[PDB]
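Here you get one chain, nothing else, as structure tokens; it is the form deposited in one PDB entry.
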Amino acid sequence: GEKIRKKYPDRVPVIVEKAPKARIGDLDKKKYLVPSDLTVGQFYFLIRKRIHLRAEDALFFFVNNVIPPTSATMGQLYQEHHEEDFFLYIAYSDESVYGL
């Protein structure tokens, strides 16, 4: 992370994980390097394909036990949903309603 900030000081290395016993599509990597100016809608597009979901699948991102609307950005979330060291933590599941 020390070298990632030296070359990408304005970037936001986010960590990706899944909910407790989640069941979404496969995953290519669990670490995205997005700029601090990226919005939530942009980040939702780069994970969408990485979650092997498309057309009309179900998905909900949970970061630091929170679920804000698409009126935010990855850089601002760094100081909000960070998790030890510099890297921040983000997770997702297939649903967020009363059920499994």
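Residue positions are given as counts along the sequence shown, with the first one as 1.
We do not show the form deposited with a partner chain bound, though everything after this point is about it.
Not displayed here, its partner chain is approached by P35 to within 4.5 Å at the level of heavy atoms in the deposited bound form. Contact check for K18: no non-hydrogen atom falls within 4.5 Å of its partner chain in the deposited bound form. The shortest heavy atom separation between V14 and its partner chain in the deposited bound form is within 4.5 Å.
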